[PDB]
Amino acid sequence: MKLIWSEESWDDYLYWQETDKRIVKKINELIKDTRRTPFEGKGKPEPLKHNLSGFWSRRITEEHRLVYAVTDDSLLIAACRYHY
Amino acid sequence: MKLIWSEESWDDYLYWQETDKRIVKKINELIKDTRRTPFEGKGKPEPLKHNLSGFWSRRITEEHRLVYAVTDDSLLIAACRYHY
Amino acid sequence: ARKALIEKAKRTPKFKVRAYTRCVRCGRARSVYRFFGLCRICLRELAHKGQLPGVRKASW
Amino acid sequence: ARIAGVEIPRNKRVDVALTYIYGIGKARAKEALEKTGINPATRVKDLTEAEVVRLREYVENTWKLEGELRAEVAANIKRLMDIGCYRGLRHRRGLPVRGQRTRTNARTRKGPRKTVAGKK
Amino acid sequence: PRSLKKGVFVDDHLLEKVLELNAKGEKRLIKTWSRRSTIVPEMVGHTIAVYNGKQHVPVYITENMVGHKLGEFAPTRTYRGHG
Amino acid sequence: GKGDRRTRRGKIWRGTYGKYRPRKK
Amino acid sequence: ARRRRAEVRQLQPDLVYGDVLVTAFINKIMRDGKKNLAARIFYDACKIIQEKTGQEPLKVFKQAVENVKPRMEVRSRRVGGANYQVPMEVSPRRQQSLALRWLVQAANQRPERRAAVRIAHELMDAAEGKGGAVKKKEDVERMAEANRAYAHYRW
RNA sequence: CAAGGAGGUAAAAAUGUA
RNA sequence: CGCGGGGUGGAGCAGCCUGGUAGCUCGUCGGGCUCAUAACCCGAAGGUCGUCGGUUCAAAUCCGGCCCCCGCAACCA
RNA sequence: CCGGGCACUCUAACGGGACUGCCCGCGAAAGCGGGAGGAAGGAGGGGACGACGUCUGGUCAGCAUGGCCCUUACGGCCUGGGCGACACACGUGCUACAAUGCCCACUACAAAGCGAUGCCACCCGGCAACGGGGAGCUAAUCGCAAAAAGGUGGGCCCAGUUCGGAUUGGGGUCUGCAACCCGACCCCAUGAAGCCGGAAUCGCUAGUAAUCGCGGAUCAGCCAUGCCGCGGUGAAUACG
Ligand SMILES: [Mg+2]
Ligand SMILES: [Mg+2]
Ligand SMILES: [Mg+2]
Ligand SMILES: [Mg+2]
Ligand SMILES: [Mg+2]
Ligand SMILES: [Mg+2]
Ligand SMILES: [Mg+2]
Ligand SMILES: [Mg+2]
Ligand SMILES: [Mg+2]
Ligand SMILES: [Mg+2]
Ligand SMILES: [Mg+2]
Ligand SMILES: [Mg+2]
Ligand SMILES: [Zn+2]
């Protein structure tokens with residue numbers, strides 16, 4: 001299972017790296033659980049449709065979400081910042 | 001330029017976090033230049049030989065070498081740790 | 001976790017098998033001897049210094 | 001002579017002949033022979049029919065043997081399984097139960113070497 | 001295993017819980033950490049939870065699981081194959 | 001020999017005694 | 001083994017016959033250092049010789065050694081950058097050791113049940129000339145006459 | 001005894017981690 | 001929209017004529033030699049033979065329809 | 001086993017005893033070959049010892065130590081799990097493939113070590129692990145141990161077979177508050193793969209290789225077939 005970061009997802013991961021430290025471990029915790037079970041685990045692993053068919057989200061916090069998508073041996077993270 | 005993290009690479013990147021933030025800031029510097037100029041720029045980006053034929057290395061420290069490989073659309077990272 | 005363990009090794013109670021002998025000079029848990037209470041390294045350091053009564057360089 | 005369901009040892013010592021039955025080893029064989037009163041040196045090629053029927057009556061009125069003993073072992077293993085026991089699930093995968101080493105040799109239980117490629 | 005001369009089933013916690021529970025009734029859920037404990041027949045019929053190292057997995061007790069321990073029914077590892 | 005639990009040399013190699021090697025000279 | 005002649009060992013002579021050559025065979029029987037058994041197998045075998053032929057069992061032993069003792073042997077050599085295999089005559093110390101080895105080596109290849117019967121029949125067959133070790137002798141001797149083209153590489 | 005002159009050669013065996 | 005030939009392990013080929021067992025090399029994987037790589041040595045796996053239908057007791061093999069690739073012919077006027 | 005002696009064997013401290021001093025031959029000497037001389041000789045056999053330095057070797061997890069980082073925590077306590085996971089690959093080994101071998105019974109011969117919050121003599125229960133009793137020993141006093149291979153007597157007759165013991169079912173003992181992951185034993189029944197090993201690869205020149213047991217450290221107990229030492233029988237070969 002190899003990680004795939006897109007353009008905006010990596011910049012937002014660096015955005016949490018520069019400002020607050022406590023969320024960055026929580027993010028990596030969420031990546032760890034979707035690595036061992038891709039669709040289940042922590043923080044309500046939720047599907048999306050009605051432009052996002054085949055994409056799944058979890059909540060990092062109460063407003064921002066950690067969306068993702070899965071393929072055979074890869075883990076794509078599209079964003080780790082605010083939904084919309 | 002999407003980022004690809006291999007098991008060894010992300011395990012080490014999780015090791016440079018909680019050990020040395022200087023290395024993490026250096027790796028994000030090298031990634032920010034590799035995303036812009038993939039075969040020139042910072043860290044003496046050299047083409048590699050025999051056991052890593054098809055790879056590229058930028059200096060992190062005097063020992064540590066960031067071993068990457070480039071495609072049209074993406075960026076592989078085989079190591080963000082030890083001297084090959 | 002070094003110094004709290006050495007003084008966990010000093011206290012006796014709560015199911016006696018939980019007591020493990022430990023060196024008092026350095027605080028090693030392994031290769032510690034019942035004849036001295038020193039580890040195997042503190043043994044050699046003091047025995048070469050001569051602070052061990054009767055201990056000599058064995059040779060046969 | 002056919003005792004437990006098997007005949008198979010023809011001229012050989014009788015204690016050896018009873019060890020050749022699933023369910024009777026060396027100790028149960030000598031127990032049956034010190035019961036019956038047969039010198040084990042008297043072979044199975046030369047023994048009285050009365051000794052044979054007394055020996056058979058004893059060894060298959062006393063303990064449980066070949067078909068039923070296997071049925072009991074299989075029933076106990078089936079009871080160890082289907083209940084969620086640790087030893088039952090080790091029997092289920094086909095792994096050893098008695099706390100052994102599986103990083104290395106456990107091949108009597110595991111089978112033959114199923115060599116898988118191994119990147120690096 | 002154990003010796004037979006001395007009192008088998010070493011634990012008191014879930015025992016002082018279940019001896020209230022079997023005579024009062026009403027089949028409740030009980031969490032315990034005692035993996036070293038023998039399933040003694042007043043425990044038959046109950047749904048109790050055992051810690052594995054991570055969480056509390058509930059087990060259901062019926063009359064055939066008796067001469068065992070609770071750690072026999074709480075799997076610690078996860079194998080799921082090889083790939 | 002040496003590893004068999006039901007023989008003389010097996011109990012010798014262990015240092016245990018049993019039925020197959022009791023304690024008496 | 002670069003400096004000296006790494007001198008020859010002397011053995012104690014036998015306690016029933018008084019000879020070095022029999023004690024060497026007692027040592028060539030010997031597996032795991034059991035000399036009491038190694039002498040016992042040989043001394044059971046001598047009684048087998050005593051009763052299967054009316055001949056003194058030391059006198060069949062000496063000639064069975066001499067009928068198995070090779071004369072020339074082919075050995076590999078490297079002078080001139082080449083690896084041929086060159087025949088050369090054998091020292092009688094080595095002729096003795098090779099015959100002493102070949103008799104017990106062939107006797108272990110015999111299909112007979114006990115050990116002493118294998119040893120005894122091997123002595124009877126080698127002294128009369130048809131043992132398993134005389135086949136090994138004549139094959140070793142066959143290669144030297146076959147490779148007699150190379151004996152100009154003698155030294 | 002002391003020693004030179006002309007002359008037949010060792011093989012078939014490659015590379016280096018940044 | 002004429003004629004001939006060909007679709008087979010990852011690559012390149014043979015087996016089809018004359019239906020019963022798909023073989024060769026390189027490559028892949030495990031081991032050995034070397035400090036290490038290549039070379040070399042030991043051992044093992046891998047296709048169902050374009051696709052659909054038919055004949056036969058049995059189809060890679062025989063027949064027919066279709067898809068793809070290659071070669072040839074398209075002259076008089 | 002006593003009186004007694006302590007002459008021997010043992011134990012233990014200090015000594016003598018080889019330095020090729022002596023003989024022959026070689027040489028200018030150093031030294032070399034051989035020999036009565038004794039136990040030994042031409043460093044007697046083993047140890048302890050291991051230069052200037054190399055590997056910018058290893059150890060910040062024995063300890064110390066400069067710098068960087070965490071402090072409602074990268075600190076501290078507890079319970080449970082884990083270090084024991086298994087499609088595989090490698091190293092070190094142990095047990096075997098048997099008849100110079102296996103099993104049963106009887107009878108011998110060691111050295112070096114260890115123990116009174118232990119060694120346990122000797123009885124009784126017990127198929128046995130072991131449990132009840134209870135004597136001796138601050139220990140060349142008593143105990144751990146009877147050494148094992150060996151010798152004698154009996155059985156198997158070369159057949160996966162009385163070789164080999166895996167793996168598994170059942171019943172128990174002991175330690176520990178505790179044996180499910182994860183203990184060691186004892187008993188019953190199972191008794192597999194292996195019939196001597198491809199390319200390759202390792203140790204050993206004399207009590208050495210090989211073979212056989214015994215003791216200690218750690219240790220409540222033990223996953224010890226490991227390590228460290230001790231003795232029993234005891235090869236082969238070195239042309240070069
Ligand atoms: Mg490295
Ligand atoms: Mg302890
Ligand atoms: Mg056996
Ligand atoms: Mg070449
Ligand atoms: Mg090149
Ligand atoms: Mg093709
Ligand atoms: Mg024309
Ligand atoms: Mg010196
Ligand atoms: Mg290091
Ligand atoms: Mg470990
Ligand atoms: Mg395990
Ligand atoms: Mg040497
Ligand atoms: Zn210490």
# chains A, B, ... in the order shown; residues from 1 in each chain; ligands from 1
>>> residues_near_ligand(ligand="ligand 11", cutoff="9 Å", atoms="only C-alpha atoms (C1' of nucleotides) and all ligand atoms", output="list in words")
residues 96, 97, 98, 99, 100, 101, 102 and 103 of chain D; 84, 85, 181 and 182 of chain J
>>> write_last_selection(atoms="C-alpha atoms (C1' of nucleotides)", output="PDB file, in the first residue's frame")
ATOM      1  CA  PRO D  96       0.479 -26.254  15.593  1.00  0.00           C
ATOM      2  CA  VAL D  97      -1.304 -25.886  18.930  1.00  0.00           C
ATOM      3  CA  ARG D  98       1.391 -26.460  21.580  1.00  0.00           C
ATOM      4  CA  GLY D  99       3.085 -23.020  21.511  1.00  0.00           C
ATOM      5  CA  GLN D 100       5.703 -23.820  18.881  1.00  0.00           C
ATOM      6  CA  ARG D 101       7.968 -21.879  16.496  1.00  0.00           C
ATOM      7  CA  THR D 102       6.408 -21.023  13.091  1.00  0.00           C
ATOM      8  CA  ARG D 103       8.875 -18.360  11.892  1.00  0.00           C
TER       9      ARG D 103
ATOM     10  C1'   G J  84       6.584 -16.665  20.940  1.00  0.00           C
ATOM     11  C1'   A J  85       3.097 -13.624  15.121  1.00  0.00           C
ATOM     12  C1'   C J 181      -1.761 -17.061  23.772  1.00  0.00           C
ATOM     13  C1'   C J 182       3.481 -18.632  26.496  1.00  0.00           C
TER      14        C J 182
END
>>> residues_near_ligand(ligand="ligand 7", cutoff="12 Å", atoms="only C-alpha atoms (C1' of nucleotides) and all ligand atoms", output="PyMOL selection string")
chain I and resi 75-77
>>> residues_around(residues="residue J:155", least_positions_apart="5", cutoff="9 Å", atoms="only C-alpha atoms (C1' of nucleotides)", output="count of residues only")
3
>>> interface_residues(of="chain I", to="chain D", cutoff="10 Å", atoms="only C-alpha atoms (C1' of nucleotides)", output="count of residues only")
4
>>> residues_around(residues="residue E:2", least_positions_apart="5", cutoff="10 Å", atoms="only C-alpha atoms (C1' of nucleotides)", output="list in words")
residues 7, 8 and 9 of chain E; 172, 173, 174 and 179 of chain J
>>> residues_near_ligand(ligand="ligand 8", cutoff="10 Å", atoms="only C-alpha atoms (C1' of nucleotides) and all ligand atoms", output="PyMOL selection string")
chain J and resi 48-50
>>> write_last_selection(atoms="N, CA and C atoms (P, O5', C5', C4', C3', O3' and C1' of nucleotides)", output="PDB file, in the first residue's frame")
ATOM      1  P     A J  48      44.283 -17.660  27.428  1.00  0.00           P
ATOM      2  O5'   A J  48      44.821 -16.624  28.512  1.00  0.00           O
ATOM      3  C5'   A J  48      44.190 -16.497  29.779  1.00  0.00           C
ATOM      4  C4'   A J  48      45.033 -15.684  30.729  1.00  0.00           C
ATOM      5  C3'   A J  48      45.625 -14.406  30.160  1.00  0.00           C
ATOM      6  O3'   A J  48      44.713 -13.325  30.153  1.00  0.00           O
ATOM      7  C1'   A J  48      47.304 -15.602  31.298  1.00  0.00           C
ATOM      8  P     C J  49      44.612 -12.382  28.862  1.00  0.00           P
ATOM      9  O5'   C J  49      46.110 -11.894  28.611  1.00  0.00           O
ATOM     10  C5'   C J  49      46.678 -10.850  29.389  1.00  0.00           C
ATOM     11  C4'   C J  49      48.105 -10.555  28.992  1.00  0.00           C
ATOM     12  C3'   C J  49      48.321  -9.935  27.621  1.00  0.00           C
ATOM     13  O3'   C J  49      48.076  -8.540  27.610  1.00  0.00           O
ATOM     14  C1'   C J  49      49.911 -11.662  27.991  1.00  0.00           C
ATOM     15  P     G J  50      46.791  -7.941  26.854  1.00  0.00           P
ATOM     16  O5'   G J  50      47.310  -7.619  25.384  1.00  0.00           O
ATOM     17  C5'   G J  50      48.630  -7.147  25.152  1.00  0.00           C
ATOM     18  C4'   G J  50      49.193  -7.757  23.897  1.00  0.00           C
ATOM     19  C3'   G J  50      48.636  -7.204  22.592  1.00  0.00           C
ATOM     20  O3'   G J  50      49.337  -6.049  22.156  1.00  0.00           O
ATOM     21  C1'   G J  50      48.544  -9.575  22.562  1.00  0.00           C
TER      22        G J  50
END
>>> residues_near_ligand(ligand="ligand 4", cutoff="7 Å", atoms="only C-alpha atoms (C1' of nucleotides) and all ligand atoms", output="ChimeraX atom specification")
/H:13-14 /I:39
>>> write_last_selection(atoms="C-alpha atoms (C1' of nucleotides)", output="PDB file, in the first residue's frame")
ATOM      1  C1'   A H  13      38.202 -14.669 -16.583  1.00  0.00           C
ATOM      2  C1'   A H  14      34.664  -8.062 -17.078  1.00  0.00           C
TER       3        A H  14
ATOM      4  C1'   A I  39      29.219 -14.143 -16.106  1.00  0.00           C
TER       5        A I  39
END
>>> interface_residues(of="chain H", to="chain G", cutoff="12 Å", atoms="only C-alpha atoms (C1' of nucleotides)", output="list in words")
residues 9, 10 and 11 of chain H
>>> write_last_selection(atoms="N, CA and C atoms (P, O5', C5', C4', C3', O3' and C1' of nucleotides)", output="PDB file, in the first residue's frame")
ATOM      1  P     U H   9      56.269 -18.332 -27.302  1.00  0.00           P
ATOM      2  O5'   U H   9      55.599 -18.643 -25.892  1.00  0.00           O
ATOM      3  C5'   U H   9      55.967 -17.886 -24.742  1.00  0.00           C
ATOM      4  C4'   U H   9      55.645 -18.617 -23.466  1.00  0.00           C
ATOM      5  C3'   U H   9      54.360 -18.156 -22.780  1.00  0.00           C
ATOM      6  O3'   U H   9      53.497 -19.241 -22.351  1.00  0.00           O
ATOM      7  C1'   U H   9      56.233 -17.822 -21.322  1.00  0.00           C
ATOM      8  P     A H  10      53.865 -20.457 -21.341  1.00  0.00           P
ATOM      9  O5'   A H  10      53.504 -19.872 -19.907  1.00  0.00           O
ATOM     10  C5'   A H  10      52.149 -19.647 -19.550  1.00  0.00           C
ATOM     11  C4'   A H  10      52.015 -19.056 -18.172  1.00  0.00           C
ATOM     12  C3'   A H  10      50.598 -18.736 -17.742  1.00  0.00           C
ATOM     13  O3'   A H  10      49.836 -19.869 -17.350  1.00  0.00           O
ATOM     14  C1'   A H  10      51.993 -16.908 -17.220  1.00  0.00           C
ATOM     15  P     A H  11      48.824 -20.666 -18.343  1.00  0.00           P
ATOM     16  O5'   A H  11      48.824 -19.963 -19.798  1.00  0.00           O
ATOM     17  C5'   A H  11      48.082 -18.785 -20.178  1.00  0.00           C
ATOM     18  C4'   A H  11      46.584 -18.940 -20.207  1.00  0.00           C
ATOM     19  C3'   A H  11      45.886 -17.916 -21.090  1.00  0.00           C
ATOM     20  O3'   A H  11      44.598 -18.420 -21.440  1.00  0.00           O
ATOM     21  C1'   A H  11      45.353 -17.476 -18.843  1.00  0.00           C
TER      22        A H  11
END
>>> residues_around(residues="stretch 113-130 of chain G", least_positions_apart="6", cutoff="6 Å", atoms="only C-alpha atoms (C1' of nucleotides)", output="ChimeraX atom specification")
/G:41,44-45,63-64,107
>>> write_last_selection(atoms="N, CA and C atoms", output="PDB file, in the first residue's frame")
ATOM      1  N   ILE G  41      35.692 -57.308  16.896  1.00  0.00           N
ATOM      2  CA  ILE G  41      35.196 -57.654  15.559  1.00  0.00           C
ATOM      3  C   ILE G  41      36.291 -58.424  14.827  1.00  0.00           C
ATOM      4  N   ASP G  44      36.713 -61.930  16.366  1.00  0.00           N
ATOM      5  CA  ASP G  44      35.642 -62.874  16.076  1.00  0.00           C
ATOM      6  C   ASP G  44      35.939 -63.360  14.661  1.00  0.00           C
ATOM      7  N   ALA G  45      36.328 -62.414  13.788  1.00  0.00           N
ATOM      8  CA  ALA G  45      36.630 -62.717  12.391  1.00  0.00           C
ATOM      9  C   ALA G  45      37.796 -63.689  12.245  1.00  0.00           C
ATOM     10  N   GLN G  63      49.114 -61.611   3.494  1.00  0.00           N
ATOM     11  CA  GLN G  63      49.029 -61.742   2.050  1.00  0.00           C
ATOM     12  C   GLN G  63      47.804 -61.035   1.486  1.00  0.00           C
ATOM     13  N   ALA G  64      46.733 -60.881   2.279  1.00  0.00           N
ATOM     14  CA  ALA G  64      45.579 -60.139   1.784  1.00  0.00           C
ATOM     15  C   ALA G  64      45.918 -58.660   1.701  1.00  0.00           C
ATOM     16  N   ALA G 107      34.722 -54.106   2.904  1.00  0.00           N
ATOM     17  CA  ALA G 107      33.986 -54.979   3.811  1.00  0.00           C
ATOM     18  C   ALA G 107      32.705 -54.318   4.298  1.00  0.00           C
TER      19      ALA G 107
END
>>> select_by_dssp(residues="chain C", states="helix (DSSP H, G or I)", output="PyMOL selection string")
chain C and resi 3-6+16-18+40-49
>>> write_last_selection(atoms="C-alpha atoms", output="mmCIF file, in the first residue's frame")
data_model
loop_
_atom_site.group_PDB
_atom_site.id
_atom_site.type_symbol
_atom_site.label_atom_id
_atom_site.label_comp_id
_atom_site.auth_asym_id
_atom_site.auth_seq_id
_atom_site.Cartn_x
_atom_site.Cartn_y
_atom_site.Cartn_z
ATOM 1 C CA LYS C 3 15.998 5.326 37.393
ATOM 2 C CA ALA C 4 12.388 4.455 38.257
ATOM 3 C CA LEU C 5 13.036 0.798 37.406
ATOM 4 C CA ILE C 6 16.124 0.531 39.650
ATOM 5 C CA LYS C 16 7.554 -11.882 45.127
ATOM 6 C CA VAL C 17 8.241 -13.410 41.689
ATOM 7 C CA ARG C 18 7.955 -9.812 40.395
ATOM 8 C CA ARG C 40 28.956 -8.491 34.569
ATOM 9 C CA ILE C 41 30.603 -5.213 33.480
ATOM 10 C CA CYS C 42 30.834 -3.537 36.904
ATOM 11 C CA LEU C 43 32.404 -6.838 38.037
ATOM 12 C CA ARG C 44 35.305 -6.562 35.570
ATOM 13 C CA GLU C 45 35.758 -2.813 36.161
ATOM 14 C CA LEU C 46 36.241 -3.161 39.902
ATOM 15 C CA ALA C 47 38.061 -6.528 39.841
ATOM 16 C CA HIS C 48 40.751 -5.088 37.587
ATOM 17 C CA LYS C 49 40.961 -2.088 39.897
#
>>> residues_near_ligand(ligand="ligand 13", cutoff="6 Å", atoms="only C-alpha atoms (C1' of nucleotides) and all ligand atoms", output="list in words")
residues 23, 25, 26, 27, 28, 38, 39, 41 and 42 of chain C
>>> write_last_selection(atoms="N, CA, C and O atoms", output="CSV table (one decimal), in the first residue's frame")
chain,number,residue,atom,x,y,z
C,23,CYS,N,21.7,-5.0,39.4
C,23,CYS,CA,23.0,-4.4,39.8
C,23,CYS,C,22.7,-3.1,40.5
C,23,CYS,O,21.7,-2.3,40.1
C,25,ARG,N,25.3,-0.8,41.2
C,25,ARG,CA,26.2,0.2,40.7
C,25,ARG,C,25.8,0.8,39.4
C,25,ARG,O,25.8,2.1,39.3
C,26,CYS,N,25.4,0.1,38.4
C,26,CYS,CA,25.0,0.6,37.1
C,26,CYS,C,23.5,0.5,37.0
C,26,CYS,O,22.8,1.5,36.6
C,27,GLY,N,22.9,-0.6,37.3
C,27,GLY,CA,21.4,-0.8,37.2
C,27,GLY,C,21.0,-1.7,36.1
C,27,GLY,O,20.0,-1.6,35.6
C,28,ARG,N,21.9,-2.7,35.8
C,28,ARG,CA,21.6,-3.6,34.7
C,28,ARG,C,20.7,-4.7,35.2
C,28,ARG,O,20.8,-5.2,36.3
C,38,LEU,N,26.4,-7.1,41.5
C,38,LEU,CA,27.0,-6.3,40.5
C,38,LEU,C,26.6,-6.9,39.1
C,38,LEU,O,26.3,-8.1,39.0
C,39,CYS,N,26.8,-6.1,38.1
C,39,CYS,CA,26.5,-6.6,36.7
C,39,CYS,C,27.8,-7.3,36.3
C,39,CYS,O,28.8,-7.3,37.0
C,41,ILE,N,29.7,-6.2,33.9
C,41,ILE,CA,30.6,-5.2,33.5
C,41,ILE,C,31.2,-4.5,34.7
C,41,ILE,O,32.4,-4.2,34.7
C,42,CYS,N,30.4,-4.2,35.7
C,42,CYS,CA,30.8,-3.5,36.9
C,42,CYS,C,31.8,-4.5,37.7
C,42,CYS,O,32.7,-4.1,38.4
>>> residues_around(residues="residue A:60", least_positions_apart="3", cutoff="12 Å", atoms="only C-alpha atoms (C1' of nucleotides)", output="list in words")
residues 13, 16, 22, 23, 24, 25, 26, 27, 28, 29, 30, 31, 42, 43, 44, 45, 46, 57, 63, 64, 65, 66, 67, 68, 79, 80, 81, 82 and 83 of chain A
>>> residues_near_ligand(ligand="ligand 5", cutoff="9 Å", atoms="only C-alpha atoms (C1' of nucleotides) and all ligand atoms", output="JSON, numbers by chain")
{"B": [50], "H": [14, 15, 16], "I": [38]}
>>> residues_around(residues="residue D:48", least_positions_apart="6", cutoff="12 Å", atoms="only C-alpha atoms (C1' of nucleotides)", output="count of residues only")
5
>>> residues_near_ligand(ligand="ligand 2", cutoff="12 Å", atoms="only C-alpha atoms (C1' of nucleotides) and all ligand atoms", output="PyMOL selection string")
(chain C and resi 9+15-22+29-30+32) or (chain J and resi 176+218-222)
>>> residues_near_ligand(ligand="ligand 3", cutoff="8 Å", atoms="only C-alpha atoms (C1' of nucleotides) and all ligand atoms", output="list in words")
residues 1, 4, 6 and 7 of chain F; 102, 162, 163, 164 and 165 of chain J
>>> residues_near_ligand(ligand="ligand 6", cutoff="8 Å", atoms="only C-alpha atoms (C1' of nucleotides) and all ligand atoms", output="number ranges by chain")
I: 8, 11-12
>>> select_by_dssp(residues="stretch 20-130 of chain G", states="strand (DSSP E or B)", output="list in words")
residues 72, 73, 74, 75, 76, 77, 84, 85, 86, 87, 88 and 89 of chain G
>>> write_last_selection(atoms="C-alpha atoms", output="mmCIF file, in the first residue's frame")
data_model
loop_
_atom_site.group_PDB
_atom_site.id
_atom_site.type_symbol
_atom_site.label_atom_id
_atom_site.label_comp_id
_atom_site.auth_asym_id
_atom_site.auth_seq_id
_atom_site.Cartn_x
_atom_site.Cartn_y
_atom_site.Cartn_z
ATOM 1 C CA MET G 72 51.623 -47.129 -8.880
ATOM 2 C CA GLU G 73 48.968 -44.431 -8.566
ATOM 3 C CA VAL G 74 47.926 -41.495 -10.760
ATOM 4 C CA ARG G 75 48.046 -38.041 -9.150
ATOM 5 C CA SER G 76 47.313 -34.516 -10.373
ATOM 6 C CA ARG G 77 50.174 -32.115 -11.127
ATOM 7 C CA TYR G 84 46.965 -33.319 -16.323
ATOM 8 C CA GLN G 85 47.043 -36.310 -13.985
ATOM 9 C CA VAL G 86 50.402 -38.043 -13.658
ATOM 10 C CA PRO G 87 51.227 -41.586 -12.489
ATOM 11 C CA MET G 88 53.991 -42.199 -9.975
ATOM 12 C CA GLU G 89 55.137 -44.980 -7.675
#
